[PDB]
Every structure is written in C-alpha cells, then in structure tokens.
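So this first bit is one chain, no partners, the form deposited in one PDB entry, shown in structure tokens.
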C-alpha cells in the first residue's frame, strides 16, 4: 500500500469551495481536490518550480475566437469523485452568473466578481464544447482560467448543497478526494484512483494545524509530520544535524503587507497611514529576519524616510494613543519578529504601536481592528489586475475596510482594464502607484522566501506560489 502523507500546516482555509478558500492555506488542499481547464506547469523546461507556462488540463484544447471569447474542447470521460461525468454543463456552471459573478452569487461567493474578468454567460455548444467570454475585450481570459479562479465544480452536486455546505463537503475531479474536515484541526484527503491524469502516489494526505512554527519543527523531528509549512530562513538552523530532514524554500509570488481599518477615525485620512509606511526600514528587516532572501517589491509588479514620517505624525494631530496591530501569531512567517522591529521604527517616528496577538480560529470583529497584517497573492502575471482585485472600486479594501480612494485612483483602475500593454497603460500604472503610496491604504513589506521542511524520503519540490503541487512531484523513497 501507498504511504500516508502528513503535512503540518499553519492553518486551514475557511472553506474548500475553490473561491471561498483562496488564502495562504487553501490552495495547497484545493489543488488536490480540483482541476482547472488549464494548469500552471511550474516545472516545465527545467524550471525550479517557477515557470508561468500554462498547459491544457480539463480542456484538451482551446482556440480564441475574438477579443472577448474562447472555445474550449473538453477532455472526455473525466469523472467527478461522486462518479458524475464532467461535461460542458459543469464548466458553464463554474463560470456562470448563477454560481460566480451575479448579484445573488456573490452573497455566498463574496469575491466571485472581484477575481473575475467582466464575464458574459458561458455558451454550451455540445457535451464537450463550451465558449467562455467577456462582455468587453480581454486578453487575460486564459490567465484567469489557469489561476485559482479556475477549479471546475460539479453543477448538480454544487447546486444541491449551495456554496457554504459544498465548502465543507467538496467534490471535484482532482487526484485526491475529500474524506474529512475537523474545523481548526485537520483535513484528510484520500487517493482518487479514478483520476484522469497520473495516479496519486499517497494513500491519504492530512493537513494538520500546528499553530506555532517551533512546534511544527518539533513534530517533523519527532516523526509526526512528513512536510511542514510556513517556516523562515532562520528555522534552517533548527534542522542542523538531522540526516533524514531538510529545508526546501523558494521566493513566492505573494506580498506580505500591513493594512488599516479605514473606518476607524485615526485612519480615515491618509496622513498617519503614510507616516507608518515611511517609518519602516524594509531592508533592515529583510537583512535581520530573512537572511536577505525575501524580496522588497517594486509595487504590485509581478522608500524609508524617517524625517518625513516624523513630519506627518506631527501634521496628523496623532495624540500618543496606542495603536493595535492584529496578528494571528506567526500565521505569516516572521510576523511577530517583523512586528517587533516595526514597533521600534514607529516609536522613532513618534507613534506607539502594540501587538494584538489573536488565536488560530478567531476572526476579530472588524471594529476592533486598527492595523492588521495581511498578504496578497500575485495570482496573475498582470500585477495591475491583481492590485485592482483588492484595492479597486467596489473591491474589499474600499467596500469593507473603508478606504475612501481618490476618484482619480478609481478612474485609472477602470482605464487599465481596457488598455493594452504599452505606453498609456504603463503611465497609468505609475500614477496608480504614486497615488497608492500617497494614500497608503496598505504598506507592502516584501515577497517572502517561503520555507518548508521535509523528510528526505518524501521527494517533493516547492513552487513559487502559495500552494503545493503533487502532480509529477510527490514520490516516496525506501
């Protein structure tokens, strides 16, 4: 029999419904349960897990018709885990108004429209042929369909349950099928021996929440886990002297940041937000805590000034009231050590910030949040599109977190979705970046160097994204 794989994780997603589970913790599970029309071939052409190449997966082939539509020829005989055959009806449902982007859909799939292009309703042409299309021109459709938007869901089963219940009992076409969920504890998957692609190599995969990185390292050493997630470069020393273990790391296409609840009076205006941003010496943090392996971003592409931060603190009228910084422990690698360094930096600017460490499983009330840490996946190669997906008009930073973005910012967000790459689009990018930095609705810290640790007897390479790929990349040694 095949070996059981045990993964010690930083957390579980709130749902296994593909869109509702988008987070640092979901894709590593969702990628196993589902397939998309298109897969990212991370290891193509000898790449070290970072190739952006997209290849056919549930679509056997596809051909663009015009600037707003693509015809897909689906792979035949593919079965969902309940035995139902995957047809054009399921692909059309996946990208339908009813499930994904309509007004009613987004009440149970809240980011269905935010993470989509401007879809029009899919057209089913025959059992294995579907046209996916946008209402306005888009040369990103294939990219969206190969992203975390893309998992194909079973129409009849999904409709019978609704998105919330489907998220607790998912059915997909992927190499591992859902077995069990214990909230805040684990998810167990089992091999899908009916898989259409390469046969799964593990009998079961268990994702077990172990909140603290030191405790995860101890469980790898003790033999409780085969792979552990969400470590830092500094954790590499803790594995010194274990011949059977190693670290495996890579830069990933994710930005660690901090952000604000701009409904709060102290953060309704930009002045103090920008002071908090300018006070941070990001190179010092990268040197200190990341062994210079994390990467300071060039904005949202796929300045430390303490003098100006002090000036803005005084201009803001800030009165010395302690400002909390909410962090779910070290859910983000290096969260608490980085916060400690930033608290020192903020003190030097005249701002008192204190940690508010909350437990795994707890969702603070939005009204208790002043500053919080967060991350954003860079989930398409087009960084403008992913920035807009969180910071644009009607998206969550404005709608939920109260950022009163300048009208010009919102105007340019709309313009860049219609412009082709070139001079005008890059000029809009530059101006959006300047406004974003002036407004400081969030502050980008760095792209983390994601570190896993694993048994040498489990052959598996990381990829440059907040997920785990096992296709062609999970072999057990004797």
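By rigid core we mean the largest C-alpha set that fits within 1.5 Å across both forms. Numbering follows the first chain given and starts at 1.
Novice: As recorded in the PDB entry, how many deposited residues are without coordinates between residue 302 and residue 303: none, 1 to 3, 4 to 9, or 10 or more?
Specialist: Count of unmodelled residues in between: 10 or more.
Novice: Going by the average Cα B-factor in the PDB entry, point out whether 46 to 54 or 446 to 454 comes out higher.
Specialist: The entry gives the higher C-alpha B-factor average to 46 to 54.
Novice: Quick check on the record: does 176 to 184 or 291 to 299 carry the larger mean Cα temperature factor?
Specialist: Taking the mean C-alpha B-factor of 291 to 299 and of 176 to 184, the larger value falls to 291 to 299.
Novice: Looking at 327, 96, 398, 136, which has the highest Cα B-factor in the entry?
Specialist: Largest recorded C-alpha B-factor: 136.
Novice: Highest Cα B-factor in the deposition, which of 371, 359, 388, 145?
Specialist: When the deposited C-alpha B-factors of 371, 359, 388, 145 are compared, 359 is largest.
Novice: What third of its chain, lowest, middle or highest, does the C-alpha temperature factor of residue 105 fall into?
Specialist: CA B-factor rank for residue 105: highest third.
Novice: Classify residue 127 as lowest, middle or highest third according to the C-alpha B-factor given in the PDB entry, relative to its own chain.
Specialist: It falls in the middle third of the chain.
Novice: Compared with the other modelled residues in the chain, in which third is the CA B-factor of residue 394?
Specialist: For residue 394, whose C-alpha B-factor we compare with every modelled residue in the chain, the answer is the middle third.
Novice: Using the temperature factors of the C-alpha atoms in this entry, rank residue 7 within its chain: lowest, middle or highest third.
Specialist: Its C-alpha B-factor, which the entry lists for residue 7, ranks in the lowest third among residues of this chain.
Novice: Split the chain's modelled residues into thirds by Cα B-factor; is residue 112 in the lowest, middle or highest one?
Specialist: Answer is middle: the recorded C-alpha B-factor places it there.
Quick note: we don't show the form deposited in another entry, though the next part is all about it.
Novice: Please state whether residue 436 has a C-alpha shift of 2 Å or more between the shown form and the other one, with the rigid core used for the fit.
Specialist: After core superposition, the C-alpha of residue 436 moves 2 Å or more between the shown form and the other one.
Novice: At a 2 Å cut-off on C-alpha positions, does residue 208 qualify as shifted between the shown form and the other one after fitting the rigid core?
Specialist: Comparing forms between the shown form and the other one, the residue 208 CA shifts below 2 Å.
Novice: Taking the cut-off of 3 Å or more as given, in which direction does the distance between the C-alpha atoms of residue 402 and residue 12 change in that other deposited form, closer or farther?
Specialist: The answer is farther, because the C-alphas of residue 402 and residue 12 separate from each other in that other deposited form by 3 Å or more.
Novice: Relative to what is shown, are the Cα atoms of residue 25 and residue 355 closer or farther apart in that other deposited form, where the gap shifts by 3 Å or more?
Specialist: Relative to this form, farther apart in that other deposited form.
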